[PDB]
Amino acid sequence: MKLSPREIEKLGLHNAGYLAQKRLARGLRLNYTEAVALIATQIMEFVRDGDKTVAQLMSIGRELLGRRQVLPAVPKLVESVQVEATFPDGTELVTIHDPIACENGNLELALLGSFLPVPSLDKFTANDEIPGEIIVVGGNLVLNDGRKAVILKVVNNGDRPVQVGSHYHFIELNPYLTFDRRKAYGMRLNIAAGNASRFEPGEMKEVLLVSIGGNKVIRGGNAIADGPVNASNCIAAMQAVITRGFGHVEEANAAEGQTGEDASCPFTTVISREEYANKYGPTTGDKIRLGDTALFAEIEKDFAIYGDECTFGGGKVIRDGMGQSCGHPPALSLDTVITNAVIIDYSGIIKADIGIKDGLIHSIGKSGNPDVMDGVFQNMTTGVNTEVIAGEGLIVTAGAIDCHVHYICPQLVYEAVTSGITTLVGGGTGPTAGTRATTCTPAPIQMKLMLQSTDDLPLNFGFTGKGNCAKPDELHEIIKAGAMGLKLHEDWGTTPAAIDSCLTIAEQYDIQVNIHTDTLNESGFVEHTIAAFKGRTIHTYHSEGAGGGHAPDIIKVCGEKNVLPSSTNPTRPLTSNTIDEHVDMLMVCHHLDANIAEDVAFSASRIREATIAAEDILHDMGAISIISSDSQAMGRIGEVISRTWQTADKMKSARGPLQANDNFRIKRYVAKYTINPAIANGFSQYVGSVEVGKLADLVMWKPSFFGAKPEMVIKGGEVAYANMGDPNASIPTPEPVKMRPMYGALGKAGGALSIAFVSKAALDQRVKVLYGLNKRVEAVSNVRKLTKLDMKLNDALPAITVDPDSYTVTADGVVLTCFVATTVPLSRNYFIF
Amino acid sequence: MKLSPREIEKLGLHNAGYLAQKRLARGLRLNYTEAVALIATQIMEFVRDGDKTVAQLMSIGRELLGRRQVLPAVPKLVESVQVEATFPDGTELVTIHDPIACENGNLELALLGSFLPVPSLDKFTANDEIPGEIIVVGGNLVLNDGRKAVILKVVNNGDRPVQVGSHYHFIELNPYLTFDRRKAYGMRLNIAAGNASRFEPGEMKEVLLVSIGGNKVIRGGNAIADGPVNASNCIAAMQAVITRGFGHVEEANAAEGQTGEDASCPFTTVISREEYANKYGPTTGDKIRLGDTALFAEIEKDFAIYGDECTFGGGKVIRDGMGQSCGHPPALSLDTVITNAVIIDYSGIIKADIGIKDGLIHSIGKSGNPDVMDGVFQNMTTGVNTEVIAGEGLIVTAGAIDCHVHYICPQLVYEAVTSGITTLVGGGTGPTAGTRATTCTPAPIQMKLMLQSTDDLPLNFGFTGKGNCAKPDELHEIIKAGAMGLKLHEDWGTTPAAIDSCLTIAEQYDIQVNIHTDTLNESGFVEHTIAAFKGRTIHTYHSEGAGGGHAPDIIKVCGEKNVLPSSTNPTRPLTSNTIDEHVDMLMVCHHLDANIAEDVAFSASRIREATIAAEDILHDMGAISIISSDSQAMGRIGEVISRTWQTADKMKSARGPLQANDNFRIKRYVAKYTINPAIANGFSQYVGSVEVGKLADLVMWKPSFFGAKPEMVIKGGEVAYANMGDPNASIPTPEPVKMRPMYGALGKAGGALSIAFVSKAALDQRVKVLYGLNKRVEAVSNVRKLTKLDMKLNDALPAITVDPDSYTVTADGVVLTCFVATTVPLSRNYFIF
Amino acid sequence: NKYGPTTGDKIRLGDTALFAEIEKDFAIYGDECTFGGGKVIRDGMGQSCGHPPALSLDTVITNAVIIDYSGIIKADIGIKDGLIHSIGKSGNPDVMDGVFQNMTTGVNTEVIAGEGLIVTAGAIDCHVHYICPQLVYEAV
Amino acid sequence: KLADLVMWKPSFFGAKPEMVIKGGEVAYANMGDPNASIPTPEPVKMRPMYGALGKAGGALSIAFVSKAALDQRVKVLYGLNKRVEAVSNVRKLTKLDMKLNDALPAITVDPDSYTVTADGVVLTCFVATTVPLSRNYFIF
Ligand code: NI
Ligand code: NI
Ligand code: NI
Ligand code: NI
């Protein structure tokens, strides 16, 4: 067949269209992803047919799927569908804008060529009554306040169209524009940042002009006015306007004033507020729905000075001498700037530009060019050598940090970065019985190997050794080998002697001990394990206990001041299939028989509606501090994030507010998979939040898709993984769009962008040198003095009791009960399976 | 399921068969690729059934698809379909030879198992009336002229069959062949190079024998005649024939003469000319259709000496002591030889062997063994240590060079090599807003990263920095970092000041400046940008302007002596969907509204039938020198080649001939994506043509598929990427055949085979050492003194005017108008989507 | 005596009878590049401040008499990236006439004082027997 | 070209140089007492400098090979840290390509007397009793 890569991909794209076709023929209302596959598929077939033109398919594409055939979110999610295909006259791109352009679509034509029977309308469910919606504050904003202004007559005396951008130095225009160049000096158009005024030939326009800001230095254009704006450089600019024949007619009468903050001043320009949000993303006071949950983030603070937003594009703000600076010291140009980002982070929900330099977050604030804009500090300069990532309209969060990882297969890893995870902490050596049960890389040899193995992968990694020992001898050795933490697991024995010996070691080496307690209470009940801690810091894995631990009351640990507790994600939150799923899962993992009395007894003592109900609550209480995966050993690598928000959505709806928005809850939760996993494992100075000085491990989200599928993953300053469409296409957006590794994932780059975490003792010996690692290696620290109070926004310490028969959990005297949710957001709307 | 890789692939192969099944049920005539998927798919199902044998499926496979069900090219393209499947008695290979063995096929049976309704014949279109056809000159060729000859009686007195190859030293035969060994001395069979005479036991044959050539030294076989042919070694050979019992009866009467160039001489052997082309590919005077275009390449020169062609195989020419030399100094053996290649290259369309040594093209000419063949120079020796790539019947061209690349995703890269591209030049850092708009890698840090990132990929790479600056400060820095060129883009500001400052830098560092001009004429019209050049060399990207630049007349630059101009590929050539596609594409990339007067005004001023029509012509004129992609930023990485030939096919058909063949046009065009991109960027001594001393970046084509899908990509002397079938199969050709990376793409090999291009200043500092690069690094040079006259075969300099209202283009007084083609070759016949 | 000889002066080669006459001088009298306390090569004076950082010379050899097959001259020599970047009058274009953009003494420029000395190319010996490594030390 | 450069005192030119610059960095030089308050106190002798320590020698210099060897990347094969370049432009040289030394006399030599004649002129030269650049400079 001589298949090229594009041909192979489109075959997959087709197979997705056909699956979506089968579902539609069954009268299922399609989700976003289904609608897209279906439409691109038909477009390619119509092209194969050879009967229809691009312009035709542009209309036909709008009349395939109608409101009736799609889920309630779809008409807002599907802005359009793009695909390219081989027409009789070669490859051409078809964009279908607003494909749900009607009520009934055209079923026959949506199935045509599939040989699937065409369903009738009544087979489809009836329409129900907007993910990531921006709720705008009512009103307008005056742009560019506090600035000298002028209105001038401008004429295009040229024979071709001339168009001028919002930030272009007006005196520097095409010499065929005639106006009062002397009045134009130091001015630019007073229009929304990033747009333009178009002059057709012969046209006369009355333009509002406003003074440039900052230092007021003019650079670029035609070099008419090179220099700081002052009476002496004005005179020179006028000389050059005369000499060089730049169009100039004095306008002695021109109206002059400034941009006052009052109503009906003819010099000012206002932007409708809903329109501002749409151009530049939301600002102070606006609210953003997280995905299709019920959660709303309100912008708490904006660094923008209205009118000077950093927007990059033809005619736009980020251009030589305008928003892009020219002349500052070259060493301080930002490497990358993320423009107009909403940042959601434990420390605050805000609007800011983000500056990246040397793989680190260099600054957060108002970025641009100090020569032409007010409010630009020296660490926020967009320069010639600065790359732009456009965050307008998007949310930025830190990279998630999964701290319960089983290295069972390399694919867990791609599934993790693709969901928005950039750090993994756990143990393992591949798909062995030991690694499938425990987060343990047991041998020094295997430490070396897993660090070498993962050396090119663009994620930070930590590996943990087997902590189960009643003597310190081999524990010393695994930490010296490079383990950054030890796991105590019942499957290797988690007895009080092992627990003591392991924590005594942790005190010596400053590493975190993660524990999965003795479910069998073989050696002691939970009291006895808590006693064995002896007041020492310990991270308790899946503290609720479905995933393992003292039956039925391990959950009590969420009330011990020296315990840092996490949940794994499959029990998050309590929904209608939870209990059934987990019992079987338990039966399968433990090789138990549904027909043996005690097998069923162990199982019912492990999987407990009362405790899982209690976990939803303590999670919302801030009594459990971290959410993690348990990847492929009872948990799901790609769902650390979605399950966190799913939990938060269900509690919003069940409980009282936490402090006219959801900020407090939003922040409390985001900290569960960002900052708290980094604090507990001892590397919070490097990662875990969007703060200056840390790695630029940053995830870009569309609000409509937030907490389900991110757009882009930036690893240490460089895009590592992202949604990408047809590599042959004229743009990156045509189908099939899927999460793909980017340039940060190839060759040597993954290593250059990431950290491997080890113990200080291993770094003392330079295991980075011994192991021939190209990834940066650093030591974990500051972990033996943590208490629950060091967990950001999740420091609650209830007195917990658990009834040994009813399993009922009581926290601070209150009986914890919660309902079984029938559905969750961030699921049916997003996934193809 | 425990799926092995082969099982996974065949699932894809199946999905392709079924898609081809759906298309057939709609009464679409299938192309090549569809016919193949369909047939292999059914063969695998029949095997699953377990009812039919290999021999059956060999017949059944011929009776599925008939002439009626396929496109006009298919019966010549599909020589056969191979697949392997698990029969009741294990895996077996089925070859279907000439699958279109009839007129109607058997629809029911071609769909059987698909549960698709079987269409009737009249649903299919009516048959229309051969891609890569060889047009043979009429006549015969006498082999081996000018040589001593003899006819001898030969008898096989052995009890088993004996067969002798064309070049075997006849005296060295099996001792059971009886003949006059003394007459046989120094002789070999006078038959076509590469075949044989078979002697069944007891058989008597009258064989034409001809003298060996060159030095006439015998080596190998039985060592009967070891040594140079002379009266003294004859005597020794006769001694050994007697001693060792090699069959010998004197033939005192044998006819003796030589191979005279006249008619009816009984010693000579002629080869029918059509048959010669089929065995060894075309020779001087023959013509070859390029793919399914209307273009014909005529062989201008052949290095072969008829009768001594280098063909490798059982019984064939390339064997120890015959065509493979034995005894020359070992250091001068070729590493690889490409045998019997048609070379199409700006510098000539010829027939030659190609010698590779140390990753470089070592020689072009008549290759072989100087001991036994005339005309073999010392730099053309096929030796023991020489690999063979068999080019008989195939076309070889240089690796394409794409010099407008946006590094948006790593997949662009695989799509490029798989289409026949081996060098990429552009800018970017991944899927960011800046890289999606411009070919800019802006930060020094990102230079380091992209060079490290792409270090294992088997292509040469050049990265370009952001040239948009009114000061040189940061430009110095990006070039010192390793940028090999700078891009001026309007999106970063392409003002006369930036243009001057950037070109002044280019004069210092000897790097090329690529420009996308100010579309908005914000700062000046085209005149003003041309003035800002100040007579300095500059590469203008998409010079026509749909892709960007001064509206509506950027095209004027194709008439400036210091401008090197390129086109991007999506506007190539003007076809019926072109304008509709581009307007929307423009609307999408610029976020414009179909319902706003000035959005639609900008768009209509950018996308122009008159200028795109003019581009077809100036392209054919040799007024635009290069064709490039604009990969994923208005252009298509895998179509640089096809779009070049598509343009050439349309002009052949519209305009006058250019100088009874299409050689002049063919050469003019091939130079657009080979030699001219390397000259303009400053590395033409390394790559860009099939000439001695340059890298062996070479692409092997089947003429039937030329300019659509190549067979094989050789990177620096080693196969890097190629069509490959089922990795489990007994041969490499069974389905699914698809373009796959080869051994030149794994581990360390990509780096060993390729070049990363930087500025001389960066190499002065050893960025190759600093960046830890395993790829060879070299500096670009010889770029600040280029004029349009340095563009091979594309040096035309029309006086151009453009009407500012009608957009009509005039070149040298002639109004440029061209028709809108409804179709293009190198599309429907080749692609599955 | 202060700055080494200038055009027209002659210099005895060692204790031979050979005299080398300065054929050409790039110095503009009074702006010689001399480094030291109170001397010329100081911030904002002879040492430039504000030119693009990438073009500062790595090292300047000041006031050298160059003897070479191609001429006997007086010149400053600028070195950049291990290479000879320029030969001429060096210093600070903000304060001195005649300083081209490839001869800037900047903050990040080291100084080797040639005043009163001769500079020549390193010698190249093309009949070497590698008998012992110590030949090498004796050579350099 | 490489800044391979030797500084001389005119009083010592052609006998003993001050300083050897290799690729822009001082490789070897006269150096006195390492413990002293200045570099000039005794014993002053030629010693390797920072350009001759560790990895520096390699960063500052070139190993020259044939183009064929470089085509194979013997720099990579051999693990060299020194820059490697190919020699070239040697097969078309004649005596006329030697700067300032392109003379081509007709030479005859008498097989018994050994007398050399160049362009007709008998070549005879006196036997010098002394040479410069010796007794004034060397301790042995
Ligand atoms: Ni566990
Ligand atoms: Ni686990
Ligand atoms: Ni462009
Ligand atoms: Ni482009």
# chains A, B, ... in the order shown; residues from 1 in each chain; ligands from 1
>>> residues_near_ligand(ligand="ligand 2", cutoff="6 Å", atoms="only C-alpha atoms and all ligand atoms", output="MDAnalysis selection string")
chainID A and resid 438:439 630 633
>>> select_by_dssp(residues="chain D", states="strand (DSSP E or B)", output="PyMOL selection string")
chain D and resi 2+5-8+19-22+25-31+45-48+62-65+83-86+107-109+116-118+121-122
>>> interface_residues(of="chain B", to="chain C", cutoff="10 Å", atoms="only C-alpha atoms", output="list in words")
residues 471, 472, 473, 474, 475, 476, 477, 480, 761, 762, 763, 764, 765 and 766 of chain B
>>> interface_residues(of="chain C", to="chain D", cutoff="9 Å", atoms="only C-alpha atoms", output="PyMOL selection string")
chain C and resi 11-17+58-59+64+69-70+79-85+114+116-123+137+140
>>> write_last_selection(atoms="C-alpha atoms", output="short mmCIF file (atom, residue, chain, number, x, y, z; two decimals), in the first residue's frame")
data_model
loop_
_atom_site.label_atom_id
_atom_site.label_comp_id
_atom_site.auth_asym_id
_atom_site.auth_seq_id
_atom_site.Cartn_x
_atom_site.Cartn_y
_atom_site.Cartn_z
CA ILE C 11 63.86 48.51 15.98
CA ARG C 12 66.93 46.35 16.27
CA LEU C 13 66.01 42.69 16.24
CA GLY C 14 67.57 41.28 19.39
CA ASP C 15 71.34 41.59 19.26
CA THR C 16 71.45 41.05 15.44
CA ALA C 17 72.22 43.84 12.93
CA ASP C 58 37.71 38.79 24.56
CA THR C 59 41.28 40.12 24.71
CA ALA C 64 51.83 45.97 19.39
CA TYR C 69 55.38 38.43 6.21
CA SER C 70 52.52 40.76 5.24
CA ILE C 79 40.94 38.54 19.86
CA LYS C 80 37.52 36.97 19.92
CA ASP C 81 36.57 33.24 20.26
CA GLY C 82 40.21 32.15 20.09
CA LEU C 83 40.55 34.00 16.75
CA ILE C 84 42.21 37.20 15.62
CA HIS C 85 39.11 39.41 15.27
CA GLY C 114 51.98 45.16 23.96
CA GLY C 116 57.15 48.38 23.60
CA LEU C 117 56.97 44.71 22.52
CA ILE C 118 56.90 42.80 19.23
CA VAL C 119 54.14 40.29 18.36
CA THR C 120 54.61 37.69 15.68
CA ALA C 121 52.70 34.61 14.70
CA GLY C 122 53.48 31.37 16.56
CA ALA C 123 56.20 29.50 14.66
CA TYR C 137 57.93 21.89 25.84
CA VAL C 140 56.39 26.14 22.66
#
>>> residues_near_ligand(ligand="ligand 3", cutoff="6 Å", atoms="only C-alpha atoms and all ligand atoms", output="PDB file with N, CA and C atoms, in the first residue's frame")
ATOM      1  N   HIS B 516       9.148  37.705   5.630  1.00  0.00           N
ATOM      2  CA  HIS B 516       7.716  37.701   5.377  1.00  0.00           C
ATOM      3  C   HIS B 516       7.397  39.174   5.636  1.00  0.00           C
ATOM      4  N   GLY B 547       0.660  33.703   1.449  1.00  0.00           N
ATOM      5  CA  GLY B 547       1.220  33.270   2.728  1.00  0.00           C
ATOM      6  C   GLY B 547       1.709  34.442   3.566  1.00  0.00           C
ATOM      7  N   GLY B 548       1.675  35.652   2.973  1.00  0.00           N
ATOM      8  CA  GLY B 548       2.097  36.876   3.665  1.00  0.00           C
ATOM      9  C   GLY B 548       2.945  37.849   2.852  1.00  0.00           C
TER      10      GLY B 548
END
>>> residues_near_ligand(ligand="ligand 4", cutoff="12 Å", atoms="only C-alpha atoms and all ligand atoms", output="number ranges by chain")
A: 730-731; B: 402-408, 425-428, 434-440, 464, 487-491, 514-517, 540-543, 545-549, 566-570, 589, 628-637
>>> residues_around(residues="range 810-822 of chain A", least_positions_apart="3", cutoff="6 Å", atoms="only C-alpha atoms", output="PyMOL selection string")
chain A and resi 574-576+613-614+798-801
>>> interface_residues(of="chain D", to="chain B", cutoff="10 Å", atoms="only C-alpha atoms", output="CSV table (one decimal) with C-alpha atoms, in the first residue's frame")
chain,number,residue,atom,x,y,z
D,59,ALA,CA,40.1,23.8,23.7
D,68,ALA,CA,39.4,11.2,4.4
D,69,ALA,CA,40.1,10.7,8.1
D,70,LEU,CA,37.8,13.5,9.0
D,71,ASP,CA,35.1,12.1,6.6
D,72,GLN,CA,35.0,9.2,9.0
D,73,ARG,CA,35.1,11.4,12.1
D,76,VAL,CA,34.9,11.1,17.4
D,81,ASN,CA,38.9,16.9,22.9
D,83,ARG,CA,39.5,20.5,17.6
>>> closest_atom_pairs(of="chain A", to="chain B", cutoff="6 Å", atoms="only C-alpha atoms", output="JSON lines")
{"residue": "A:1", "atom": "CA", "partner": "B:33", "partner_atom": "CA", "distance": 4.8}
{"residue": "A:2", "atom": "CA", "partner": "B:738", "partner_atom": "CA", "distance": 4.6}
{"residue": "A:3", "atom": "CA", "partner": "B:738", "partner_atom": "CA", "distance": 4.3}
{"residue": "A:4", "atom": "CA", "partner": "B:739", "partner_atom": "CA", "distance": 5.6}
{"residue": "A:7", "atom": "CA", "partner": "B:832", "partner_atom": "CA", "distance": 6.0}
{"residue": "A:85", "atom": "CA", "partner": "B:833", "partner_atom": "CA", "distance": 5.5}
{"residue": "A:86", "atom": "CA", "partner": "B:833", "partner_atom": "CA", "distance": 5.8}
{"residue": "A:88", "atom": "CA", "partner": "B:823", "partner_atom": "CA", "distance": 5.0}
{"residue": "A:89", "atom": "CA", "partner": "B:823", "partner_atom": "CA", "distance": 3.9}
{"residue": "A:90", "atom": "CA", "partner": "B:827", "partner_atom": "CA", "distance": 5.5}
{"residue": "A:162", "atom": "CA", "partner": "B:521", "partner_atom": "CA", "distance": 5.1}
{"residue": "A:163", "atom": "CA", "partner": "B:520", "partner_atom": "CA", "distance": 5.0}
{"residue": "A:164", "atom": "CA", "partner": "B:522", "partner_atom": "CA", "distance": 5.2}
{"residue": "A:173", "atom": "CA", "partner": "B:523", "partner_atom": "CA", "distance": 4.8}
{"residue": "A:174", "atom": "CA", "partner": "B:523", "partner_atom": "CA", "distance": 4.2}
{"residue": "A:220", "atom": "CA", "partner": "B:470", "partner_atom": "CA", "distance": 5.2}
{"residue": "A:221", "atom": "CA", "partner": "B:495", "partner_atom": "CA", "distance": 5.0}
{"residue": "A:222", "atom": "CA", "partner": "B:497", "partner_atom": "CA", "distance": 5.4}
{"residue": "A:223", "atom": "CA", "partner": "B:497", "partner_atom": "CA", "distance": 6.0}
{"residue": "A:313", "atom": "CA", "partner": "B:491", "partner_atom": "CA", "distance": 4.9}
{"residue": "A:314", "atom": "CA", "partner": "B:491", "partner_atom": "CA", "distance": 4.2}
{"residue": "A:319", "atom": "CA", "partner": "B:492", "partner_atom": "CA", "distance": 4.3}
{"residue": "A:320", "atom": "CA", "partner": "B:493", "partner_atom": "CA", "distance": 5.4}
{"residue": "A:330", "atom": "CA", "partner": "B:474", "partner_atom": "CA", "distance": 5.5}
{"residue": "A:335", "atom": "CA", "partner": "B:443", "partner_atom": "CA", "distance": 5.3}
{"residue": "A:385", "atom": "CA", "partner": "B:442", "partner_atom": "CA", "distance": 4.4}
{"residue": "A:386", "atom": "CA", "partner": "B:442", "partner_atom": "CA", "distance": 5.5}
{"residue": "A:387", "atom": "CA", "partner": "B:442", "partner_atom": "CA", "distance": 5.6}
{"residue": "A:388", "atom": "CA", "partner": "B:434", "partner_atom": "CA", "distance": 5.2}
{"residue": "A:389", "atom": "CA", "partner": "B:432", "partner_atom": "CA", "distance": 5.1}
{"residue": "A:390", "atom": "CA", "partner": "B:433", "partner_atom": "CA", "distance": 5.8}
{"residue": "A:727", "atom": "CA", "partner": "B:412", "partner_atom": "CA", "distance": 4.8}
{"residue": "A:728", "atom": "CA", "partner": "B:636", "partner_atom": "CA", "distance": 5.2}
{"residue": "A:729", "atom": "CA", "partner": "B:632", "partner_atom": "CA", "distance": 5.4}
{"residue": "A:730", "atom": "CA", "partner": "B:632", "partner_atom": "CA", "distance": 4.2}
{"residue": "A:731", "atom": "CA", "partner": "B:632", "partner_atom": "CA", "distance": 4.1}
{"residue": "A:732", "atom": "CA", "partner": "B:632", "partner_atom": "CA", "distance": 5.6}
{"residue": "A:742", "atom": "CA", "partner": "B:409", "partner_atom": "CA", "distance": 5.6}
{"residue": "A:743", "atom": "CA", "partner": "B:430", "partner_atom": "CA", "distance": 5.9}
{"residue": "A:746", "atom": "CA", "partner": "B:453", "partner_atom": "CA", "distance": 5.0}
{"residue": "A:747", "atom": "CA", "partner": "B:453", "partner_atom": "CA", "distance": 4.7}
{"residue": "A:748", "atom": "CA", "partner": "B:452", "partner_atom": "CA", "distance": 5.4}
{"residue": "A:749", "atom": "CA", "partner": "B:453", "partner_atom": "CA", "distance": 4.9}
>>> decode(residues="range 63-81 of chain D", atoms="N, CA and C atoms", output="PDB file, in the first residue's frame")
ATOM      1  N   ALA D  63      44.248  19.553  16.013  1.00  0.00           N
ATOM      2  CA  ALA D  63      44.886  18.366  15.430  1.00  0.00           C
ATOM      3  C   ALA D  63      44.487  18.322  13.955  1.00  0.00           C
ATOM      4  N   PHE D  64      45.473  18.243  13.080  1.00  0.00           N
ATOM      5  CA  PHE D  64      45.257  18.258  11.608  1.00  0.00           C
ATOM      6  C   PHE D  64      45.326  16.854  11.080  1.00  0.00           C
ATOM      7  N   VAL D  65      44.312  16.464  10.303  1.00  0.00           N
ATOM      8  CA  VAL D  65      44.257  15.117   9.694  1.00  0.00           C
ATOM      9  C   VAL D  65      43.948  15.278   8.218  1.00  0.00           C
ATOM     10  N   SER D  66      43.904  14.160   7.488  1.00  0.00           N
ATOM     11  CA  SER D  66      43.525  14.196   6.074  1.00  0.00           C
ATOM     12  C   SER D  66      41.989  14.390   6.052  1.00  0.00           C
ATOM     13  N   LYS D  67      41.440  14.840   4.933  1.00  0.00           N
ATOM     14  CA  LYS D  67      39.991  14.950   4.751  1.00  0.00           C
ATOM     15  C   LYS D  67      39.292  13.562   4.883  1.00  0.00           C
ATOM     16  N   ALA D  68      39.871  12.531   4.257  1.00  0.00           N
ATOM     17  CA  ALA D  68      39.372  11.161   4.383  1.00  0.00           C
ATOM     18  C   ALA D  68      39.188  10.725   5.839  1.00  0.00           C
ATOM     19  N   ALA D  69      40.150  11.057   6.700  1.00  0.00           N
ATOM     20  CA  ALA D  69      40.059  10.682   8.114  1.00  0.00           C
ATOM     21  C   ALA D  69      38.951  11.449   8.806  1.00  0.00           C
ATOM     22  N   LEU D  70      38.814  12.698   8.421  1.00  0.00           N
ATOM     23  CA  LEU D  70      37.759  13.520   8.973  1.00  0.00           C
ATOM     24  C   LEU D  70      36.364  13.096   8.463  1.00  0.00           C
ATOM     25  N   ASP D  71      36.297  12.611   7.221  1.00  0.00           N
ATOM     26  CA  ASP D  71      35.052  12.141   6.621  1.00  0.00           C
ATOM     27  C   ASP D  71      34.439  11.018   7.431  1.00  0.00           C
ATOM     28  N   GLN D  72      35.299  10.262   8.107  1.00  0.00           N
ATOM     29  CA  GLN D  72      35.027   9.180   9.035  1.00  0.00           C
ATOM     30  C   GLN D  72      34.929   9.638  10.503  1.00  0.00           C
ATOM     31  N   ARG D  73      35.170  10.918  10.760  1.00  0.00           N
ATOM     32  CA  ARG D  73      35.053  11.427  12.102  1.00  0.00           C
ATOM     33  C   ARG D  73      35.992  10.675  13.037  1.00  0.00           C
ATOM     34  N   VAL D  74      37.271  10.625  12.694  1.00  0.00           N
ATOM     35  CA  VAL D  74      38.303  10.088  13.598  1.00  0.00           C
ATOM     36  C   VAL D  74      38.402  10.918  14.878  1.00  0.00           C
ATOM     37  N   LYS D  75      37.979  12.179  14.854  1.00  0.00           N
ATOM     38  CA  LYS D  75      37.934  12.971  16.090  1.00  0.00           C
ATOM     39  C   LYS D  75      36.978  12.255  17.035  1.00  0.00           C
ATOM     40  N   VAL D  76      35.843  11.753  16.524  1.00  0.00           N
ATOM     41  CA  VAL D  76      34.864  11.105  17.386  1.00  0.00           C
ATOM     42  C   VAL D  76      35.412   9.743  17.770  1.00  0.00           C
ATOM     43  N   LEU D  77      35.813   8.955  16.766  1.00  0.00           N
ATOM     44  CA  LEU D  77      36.354   7.619  17.031  1.00  0.00           C
ATOM     45  C   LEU D  77      37.467   7.607  18.110  1.00  0.00           C
ATOM     46  N   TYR D  78      38.336   8.604  18.095  1.00  0.00           N
ATOM     47  CA  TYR D  78      39.536   8.567  18.886  1.00  0.00           C
ATOM     48  C   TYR D  78      39.312   9.259  20.227  1.00  0.00           C
ATOM     49  N   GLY D  79      38.139   9.850  20.421  1.00  0.00           N
ATOM     50  CA  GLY D  79      37.813  10.478  21.689  1.00  0.00           C
ATOM     51  C   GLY D  79      38.616  11.751  21.922  1.00  0.00           C
ATOM     52  N   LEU D  80      38.976  12.466  20.863  1.00  0.00           N
ATOM     53  CA  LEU D  80      39.780  13.682  21.036  1.00  0.00           C
ATOM     54  C   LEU D  80      38.964  14.904  21.496  1.00  0.00           C
ATOM     55  N   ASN D  81      39.508  15.612  22.468  1.00  0.00           N
ATOM     56  CA  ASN D  81      38.924  16.886  22.881  1.00  0.00           C
ATOM     57  C   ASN D  81      39.507  18.057  22.115  1.00  0.00           C
TER      58      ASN D  81
END
